[PDB]
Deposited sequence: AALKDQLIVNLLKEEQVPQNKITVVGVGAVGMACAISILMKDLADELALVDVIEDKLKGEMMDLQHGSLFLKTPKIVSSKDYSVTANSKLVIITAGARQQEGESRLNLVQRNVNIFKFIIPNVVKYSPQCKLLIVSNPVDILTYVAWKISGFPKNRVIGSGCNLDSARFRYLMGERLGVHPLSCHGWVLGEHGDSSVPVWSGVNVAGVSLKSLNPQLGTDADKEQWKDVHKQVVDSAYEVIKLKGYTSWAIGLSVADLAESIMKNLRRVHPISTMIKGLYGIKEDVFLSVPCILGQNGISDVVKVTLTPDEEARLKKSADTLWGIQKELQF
């Protein structure tokens, strides 16, 4: 054999140490995949979906670029045995919202899908961290948590990580500063009831609210509330123009995967259980700033909310428990 004339083998299997699985090879799952590959976060990437040809073709397309990557194994199957020994399993599967339709309207269809995905993930990686991206993300993270049986630290929702990045993009464009230097937090539900925390909005530690006490309210002459309205409407606008969103969420997810895989312990506004904070007494999930690392969410930052901000969060939390109420699974 040519191989044996060229190479002397000194050692025969191959068990991966930093394997990530993406479930779902729609535009979101593939944006996640490419972003993860291009940040060198994994030594093995695994893809899962229910449409076989699509799945195989996406896999092969990625494999063809292997010369330009540093992830030496890309695999795919409809069978979840392909996901075994994953450190991180990202779930991007499920129905997506139509133009002009709330994410809340996807809830029952995605819960039924999760009734199938999640036990299969747990079976083959019982110690992985779950990163839920599918919408409505906050409820679907609760559902993943109940179905998996994992401790809460290891079930993370992508939440408002993207919402906050969009906020910082828009704030950046207004101020003429890079988003990395513009700080601002969008908390609560990833959707219409998200809460811009105007109190924390700042550049170089300078509170924008101190310079404009009306910041974010109807009294704001500069109308900064529209920045949050633009954050809320962003998906809707992108959906209207191109039919769907993919790139920003892929970057946003790869950002969270970077914190988890490298144990960075950066703070991200992501979905976690908030029972105990802000008078919330149920098993509700929504975005608060969390410390994220190798063990998932280890700690939560307690943001000091103004009665207005606290009210709006109360309301976000209420909207979500209102839907989560009726669920069986």
Hey, which stretches of the deposited sequence didn't make it into the model? 1, 14
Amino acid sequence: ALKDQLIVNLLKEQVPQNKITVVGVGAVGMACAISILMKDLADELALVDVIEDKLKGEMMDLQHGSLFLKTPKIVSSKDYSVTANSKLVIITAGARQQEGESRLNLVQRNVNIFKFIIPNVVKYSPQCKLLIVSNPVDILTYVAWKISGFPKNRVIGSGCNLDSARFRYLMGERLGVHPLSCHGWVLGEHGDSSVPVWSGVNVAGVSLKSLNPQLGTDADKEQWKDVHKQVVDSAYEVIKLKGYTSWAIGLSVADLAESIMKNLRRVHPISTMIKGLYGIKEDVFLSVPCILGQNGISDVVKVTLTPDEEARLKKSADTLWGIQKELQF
From here on, numbers count along this sequence of modelled residues.
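Rigid core here is just the name for the largest C-alpha set that superposes within 1.5 Å across the two forms.
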Comparing against the shown form in 8 other deposited structures of this protein, which stretch has the larger RMS C-alpha deviation after a rigid core superposition, 247 to 255 or 104 to 112? 104 to 112
With the rigid core held as the alignment frame, decide whether 190 to 198 or 126 to 134 lies farther from the shown form in 8 other deposited structures of this protein, in terms of RMS C-alpha distance. 126 to 134
316 to 324 or 17 to 25, whichever carries the higher mean Cα B-factor: 316 to 324
Mean C-alpha temperature factor, higher of 71 to 79 and 201 to 209: 201 to 209
Which has the highest CA B-factor per the PDB entry: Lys87, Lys240, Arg168, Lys225? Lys225
From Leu264, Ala46, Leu277, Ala33, which pick has the Cα B-factor that tops the rest in the entry? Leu277
Considering only modelled residues of the same chain, in which third does the CA B-factor of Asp138 rank: lowest, middle or highest? middle
By the entry's values, the third containing the CA B factor of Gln63 is the lowest
What third of its chain's C-alpha B-factors does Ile297 belong to: lowest, middle or highest? lowest
Based on the entry's values, in what third of the chain does the Cα temperature factor of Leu41 lie: lowest, middle or highest? lowest
With respect to C-alpha B-factor, does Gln230 fall in the lowest, middle or highest third of the chain as deposited? middle
